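# Coordinate analysis (summary)
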2 protein chains.
Amino acid sequence: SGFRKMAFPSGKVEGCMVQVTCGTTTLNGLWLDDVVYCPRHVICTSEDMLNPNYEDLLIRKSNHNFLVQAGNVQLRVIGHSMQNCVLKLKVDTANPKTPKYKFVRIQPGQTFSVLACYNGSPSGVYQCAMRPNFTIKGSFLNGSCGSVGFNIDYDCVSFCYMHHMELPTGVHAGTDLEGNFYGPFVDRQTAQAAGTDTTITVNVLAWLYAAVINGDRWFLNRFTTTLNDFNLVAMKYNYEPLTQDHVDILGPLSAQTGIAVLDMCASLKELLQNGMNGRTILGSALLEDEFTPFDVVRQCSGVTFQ
Amino acid sequence: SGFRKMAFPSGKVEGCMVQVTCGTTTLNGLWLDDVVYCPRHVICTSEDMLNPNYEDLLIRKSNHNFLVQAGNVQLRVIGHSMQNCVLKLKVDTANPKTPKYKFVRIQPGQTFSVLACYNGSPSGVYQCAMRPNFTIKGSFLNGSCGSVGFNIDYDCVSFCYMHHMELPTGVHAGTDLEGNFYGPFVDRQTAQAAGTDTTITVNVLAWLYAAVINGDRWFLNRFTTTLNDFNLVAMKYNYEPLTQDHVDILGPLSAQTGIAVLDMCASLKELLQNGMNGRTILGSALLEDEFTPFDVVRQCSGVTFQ
Ligand SMILES: *[C@@H]1CC(=O)N(CC)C1=O
Ligand SMILES: *[C@@H]1CC(=O)N(CC)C1=O
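Residues numbered from 1 in each chain as written, not as in the entry; some residues may be left out. Chains lettered and ligands numbered in written order. Heavy atoms only, no water.

### Some points on the relation of the copies chain B and chain A
It takes a turn of 180° to lay chain B on chain A, together with a shift of 0.0 Å along the axis; the resulting RMSD is 0.0 Å. Seen this way, the second copy is the image of the first under a two-fold rotation axis. Of every C-alpha in chain B, the one belonging to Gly 11 of chain B sits nearest the axis of rotation, 1.8 Å from it. When the interface residues of chain B are mapped onto chain A, 100% of them again lie at the interface, so the same face is used by both copies. (Least-squares fit on C-alpha atoms. Contact = heavy atoms within 4.5 Å.)

### Brief notes about the sheet that holds strand β4 (residues 66–70) of chain A
Residues and elements named next belong to chain A. Read from one edge to the other, the open sheet built from 7 strands follows the order β5-β4-β1-β2-β3-β7-β6, with strand pairing classed as antiparallel. Two strands close off the open sheet at either side, each with one partner strand: β5 (73–75) and β6 (77–83). Recorded for the sheet is a direction-independent mean angle of 30° between the axes of neighbouring strands. Pairing between β6 and strand β7 (residues 86–91): 6 bridges, direction antiparallel. Bridged to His 80 within β7 is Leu 89. (Pairing = 2+ DSSP bridges. Helix = DSSP H or I, 4+ residues; strand = E, 2+ residues; numbered from the N terminus. Axes fitted to C-alpha atoms, helices over the stretch in contact; angles between N-to-C directions.)

### Focus: the site of ligand 1
In the region of ligand 1, the neighbouring residues are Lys 100, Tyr 101, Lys 102 and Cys 156 of chain A. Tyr 101 of chain A has a polar backbone atom sitting 3.2 Å from an oxygen atom of ligand 1. (Near = heavy atom within 4 Å. Polar contact = N/O pair within 3.5 Å; in protein donor to acceptor, adjacent residues only side chain to side chain.)

### Topic: the domain arrangement of chain A
All names here are of chain A. Splitting chain A by domain gives domain 1 (1–14 + 100–197), domain 2 (15–99) and domain 3 (198–301). The distance between the C-alpha centroids of domain 1 and domain 3 comes to 25 Å. Counting residues at the interface gives 18 residues for domain 1 and 20 residues for domain 3. Regarding the contact of domain 1 and domain 3, the summed buried area is about 1,500 Å², with carbon and sulfur atoms giving 54% of it. With a shortest N-O distance of 2.8 Å, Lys 5 and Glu 290 are connected by a salt bridge. Applying the counting criterion to the domain 1 and domain 3 interface returns 10 residue pairs in polar contact. (Domains from an automatic or database assignment. Buried area = accessible area lost by both parts, 1.4 Å probe. Salt bridge = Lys/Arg side-chain N within 4 Å of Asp/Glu carboxyl O.)

### Topic: the packing of helix α3 (residues 201–213) of chain A against helix α8 (residues 293–301) of chain A
Residue and element names in this part refer to chain A. Relative orientation of the contacting elements α3 and α8 amounts to 25°, with a least axis distance of 8 Å. One way to sum up the angle between α3 and α8 is to call them roughly parallel. Residue-level contacts link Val 202, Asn 203, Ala 206, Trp 207, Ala 210 and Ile 213 of α3 to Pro 293, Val 296 and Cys 300 of α8. Looking at the contact of α3 with α8 residue by residue, the class counts come to 8 nonpolar, 1 polar and no charged. (Parallel < 35°, antiparallel > 145°, perpendicular 65-115°, else oblique. Nonpolar A, V, L, I, M, F, W, Y, C, P; charged D, E, K, R; others polar.)

### As for the site of ligand 2
Residues and elements named next belong to chain B. As a matter of local geometry, ligand 2 sits amid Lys 100, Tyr 101, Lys 102 and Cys 156. A distance of 3.2 Å separates an oxygen atom of ligand 2 from a polar backbone atom of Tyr 101. For ligand 2, the protein covers 54% of the area, taking 270 Å² as the surface of the free molecule. By residue number, the principal contributor to the shell around ligand 2 is strand β8 (residues 100–103), which donates 3 residues. (Areas by Shrake-Rupley, 256 points an atom, 1.4 Å probe, with all protein chains shown as cover.)

### Remarks on the interface of chain B and chain A
With 45 residues of chain B at the interface, the matching set in chain A holds 45 residues. Carbon and sulfur atoms make up 52% of the surface buried where chain B meets chain A, a total of about 3,100 Å² over both sides. Counting across the chain B and chain A interface gives 2 salt bridges. The residue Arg 4 of chain A makes a salt bridge to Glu 290 of chain B at a minimum N-O spacing of 2.9 Å. Breaking the side of chain B that touches chain A down by element, the ones donating at least two residues are α1 (11–14), β9 (111–118), β10 (121–129) and α8 (293–301) of chain B. With 8 residues, β10 of chain B is the largest single contributor of residues to the side of chain B that touches chain A. Residues belonging to the side of chain B that touches chain A are distributed by class as follows: 18 nonpolar, 20 polar and 7 charged.

### A word on the sheet that holds strand β2 (residues 25–32) of chain B
All names here are of chain B. Strand order across the open sheet formed by 7 strands is β5-β4-β1-β2-β3-β7-β6, with antiparallel pairing between neighbours. Either end of the sheet is taken by a strand with one partner, and the two such strands are β5 (73–75) and β6 (77–83). Sheet twist, expressed as the mean angle between neighbouring strand axes with direction ignored, is 30°. For β2 and strand β3 (residues 35–39), the ladder comprises 3 bridges, and the chain directions are antiparallel. If you follow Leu 30 over to β3, its bridge partner there is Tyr 37.

### Some words on the side chain of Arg 131 of chain A
Residues and elements named next belong to chain A. Of note, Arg 131 is situated in the loop between β10 (121–129) and β11 (148–153). Its relative accessible area of 6% is what places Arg 131 among the buried residues. The residues contacting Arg 131, other than those within four sequence positions of it, are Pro 108, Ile 136, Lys 137, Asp 197, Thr 198, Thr 199, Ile 200, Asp 289 and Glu 290. (Buried < 20%, exposed > 50% of the residue type's maximum accessible area, 1.4 Å probe, protein only.)

Here it is as structure tokens:
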């Protein structure tokens, strides 16, 4: 028993981080097979970032202007190309530590682990969710750009995020591994608006099921509700609307606990209108929305990986 | 910016987990050099655990009764011995992946990362603190015994915890790597009392400094206090008393932020007496006590590891 915000084991990703330098800018790259992936703003100076013309900046760079370092191992760049907002550096050495892997573009509300790196070296690992406004609430200092987010499926690493930017509000934005930003953001140092950060309802419900499984039952009430009535209350509290797909994904948790999804929704509704009244749930005094239904099942069943 | 409950990267430990079987009991072992470490209750059946006589049970075991598996790699046991509550199995193969390492016995309030494993395979990693009553609030299912807790110092892994038991209250107990339990607990399935779980005050203060560094300043008040006056209030709320050693360890955070430790103590005192009033700090509605002062510095400065 017990319930923790658990990250994936990071060993398979640790072996893929390198340091990429171009001019005086140093960040992190991801070395898979014979390609290194990194943010294209490695070719920018601090002044360039206010209004960069990436095509024009990239024209004055040759293969030998990119220094890629894996420990004290020097990789030779034999080709480079820009794909959307990432640079692909072809090197002469395939990474012997290349895990089995796949690039995935995730949806808001999904969760992943971030391996925070500086100078190609791992600093720590934590779990987070892609917010509905396409930001993440990370922990990133200068130099962390190119750190990656990932999930593990048995022996397979799914890379879903590469860190690019901190917004002036203190939240973080980045791309998938094809270089397409999540959200409306661009790799320019300019004021950029994020939208409303709503709460991920299907994740809150999953975490309430985790609570019941672990013995926290006080919030279970006498009421039920309908999906329209719940969604009417949810939207007033800046909660994401629940759909039938969400009800379907929660089915295994409803079966294991004997609590109908709509019954759990009526419990959540009372919590939104009456608050927690100084109570806690799974050691939190706020409703937690960074566990997906699959996260809960994984942690409550003991799934392992390569 | 941003602040996250960050675990250490787990790659160096992943390479040291094996599966240990004896009879019908399977758990995890830690393979370092040519020794495997595991909980001695691997030699117990489920009935033995009610009242085990370990010396007597161990007499009916020979080297070949212990099966140790690292992937599909079979290790040969050439010697075994009991040291306190851990078994030391000497195998014929040194682990080629042995990191540089050291066994440490930690103090309550210190933090470490746990690599939760099942059948010798990593499941996830999370950060936690040794509670003042010598339990940890972990996430562990059956089969997780022998999972280890650790810290990293550059290239050096410090192993500090091995999981042994879940108490009937749902909290977790274990040993250092010399087999000595943390706390008054024994490896017997019997009702065992844990004492009061107090809040780790010096960690709460460190996290308040992290908040100020990251822009959460609302709780900073007009008052100051003394260490005796604060400790008088702290003890009423089941907070650990603060000592001068604690003030000393917080010195670098006081210097960076310009806020005297005793001033921060008076802010904490008002929070204890008046509550948060629906406010949050670093996204939490409770005072968080699982960051040490060193954790805060590490995360706010970007320390990295091998
Ligand atoms: C992991 C290895 C890989 O490429 N795949 C393809 C679908 C995986 O699931
Ligand atoms: C890491 C490697 C090791 O054995 N030590 C000794 C003090 C470390 O700090």
